[PDB]
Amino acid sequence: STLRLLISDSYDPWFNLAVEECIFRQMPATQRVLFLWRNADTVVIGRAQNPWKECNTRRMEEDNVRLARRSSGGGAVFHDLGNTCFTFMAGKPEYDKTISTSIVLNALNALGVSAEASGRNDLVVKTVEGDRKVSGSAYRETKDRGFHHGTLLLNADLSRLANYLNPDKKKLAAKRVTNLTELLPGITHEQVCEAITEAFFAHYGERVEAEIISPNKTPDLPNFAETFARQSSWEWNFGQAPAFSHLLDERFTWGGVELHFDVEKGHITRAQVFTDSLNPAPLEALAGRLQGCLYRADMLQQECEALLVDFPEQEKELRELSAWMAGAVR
């Protein structure tokens, strides 16, 4: 029918991600999907980050910690088995975000916990010592569909991300969480799955069998095998470190940018751009128009700025980029 209920039985974060990417882009928004999963120890970076700058890869290797590059913008995120995770997808105009939020809150409520929406992402519980975050999430609407996923903090090690990242000095020179463990001592991932599952089946008035997917056999999602292959490949997750002879970076209110490149005979011969900005598009397309560019403040500014007409949301981002570059050349 309409509802699909997908339960990963696998801690493999490339498998879980592929599944996530299949929902966003393979499944028809004719379905209403709840997907519940969790990853073993993993840093997940945004698609335009450079992990050889951002992460302590040596420690990661030593401590056996996985890397995975999601396909969306933004920065690095930790996972362990003490995070329970949820993905909802459904089609429009039927579905908006308040729906999945509703479902999660009910389920928390059904666990003895009352929490609520704090800001645009998180859910928070009210505490004698103030607001304390239990759940981060992220949302996007598309043409045919909306998509919502997030994490519930059951028993995560928070502070671990620190040891796998690297000192970013500029990001440094420029700048409240609790586990459920602490409130319900016996709470399991399975238990927190039933809860959400029911709040889900409650909202829609129906139930369906759970599909227990794991990577030892193809889940029933179109093009999964290709999707899992790419998503798990070293070249996608890591990629070679960038090797060029010039570097420019800067931290901005809206993110860090490293710009790498070569100059021969006064023009750029190759160039690459990383960032942790929520939307990397306009940087991605910047590197795109920087190849061949006359290496001089005026042309760099010119190329940067021709991008405006197709990035009206990001006009400030571009302006500051332009400015920065001009000032940064000599």
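In case it trips you up, residue 1 is the first one in the sequence shown, and so on.
*Deposited residues absent from the coordinates between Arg120 and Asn121, none, 1 to 3, 4 to 9, or 10 or more?*
According to the record, the chain runs unbroken from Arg120 to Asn121.
*Higher-scoring stretch by recorded Cα B factor average, 126-134 or 182-190*: Per the PDB entry, the higher value belongs to 126-134.
*For the stretches 232-240 and 105-113, which has the higher mean C-alpha B-factor as given in the deposited record?*
It is 105-113 that shows the higher mean C-alpha B-factor.
_Looking at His260, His79, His148, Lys92, which one carries the largest C-alpha B-factor according to the PDB entry?_
That would be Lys92, according to the entry.
_If I read the C-alpha B-factors straight from the PDB entry, which of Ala48, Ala281, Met27, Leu67 is highest?_
The C-alpha B-factor peaks, among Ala48, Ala281, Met27, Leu67, at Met27.
*Considering only modelled residues of the same chain, in which third does the CA B-factor of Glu141 rank: lowest, middle or highest?*
Top third by C-alpha B-factor.
*Report the third (lowest, middle or highest) to which the CA temperature factor of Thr87 belongs, ranking only the modelled residues of the same chain.*
Its C-alpha B-factor, which the entry lists for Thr87, ranks in the lowest third among residues of this chain.
*asked:* What third of the chain does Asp310 rank in for C-alpha temperature factor, lowest, middle or highest?
replied: Middle third of the chain for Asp310's C-alpha B-factor.
*Lowest, middle or highest third: where is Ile7 by Cα B-factor in its chain?*
Tercile = lowest for this residue's CA B-factor.
*When the modelled residues of the chain are sorted by Cα temperature factor, does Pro215 land in the lowest, middle or highest third?*
Middle third of the chain for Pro215's C-alpha B-factor.
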